[PDB]
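Trainee:
Right under this line is the structure:
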């Protein structure tokens, strides 16, 4: 039941076209690439 965390200031949403996307509030930017693939 352990959750997988994004780094601080990041959140995931689902776009209307069905793709997940990621908001980086630290830089006020968005990306299709999940940071967790990049740890």
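Numbering (PDB author numbering), first residue to last: 494 to 532.
Note that the Cβ used here is the ideal one computed from N, Cα and C, for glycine as well.
Under the assumption that residue 522 contacts residue 514 (Cβ atoms under 8 Å), give the Cβ distance between them as a whole number of angstroms.
Mentor: Start at 1 with the first residue of the chain shown, and residue 522 comes out as number 29. Start at 1 with the first residue of the chain shown, and residue 514 comes out as number 21. Not a contact, Cβ separation roughly 11 Å.
Trainee: Please name the residue in 506, 511, 510, 496 whose C-alpha comes closest to that of residue 518.
Mentor: Residue numbering aside, residue 518 sits at position 25 when the chain shown is read from its first letter. The shortest Cα separation from residue 518 among 506, 511, 510, 496 belongs to 506.
Trainee: Grab me the residues of residue 508's own chain with a C-beta within less than 6 Å of its C-beta, minus the 5 sequence neighbours each way, in chain order.
Mentor: The count along the chain shown starts at 1 and reaches residue 508 at position 15. For residue 508, where only same-chain residues beyond five positions count, the Cβ hits under 6 Å are 514.
Trainee: Output the distance between the C-alpha atoms of residue 526 and residue 496, rounded to the nearest integer angstrom.
Mentor: On the chain shown, position 33 is the one that residue 526 refers to. On the chain shown, position 3 is the one that residue 496 refers to. Near 19 Å, if we compare the C-alpha coordinates of residue 496 and residue 526.
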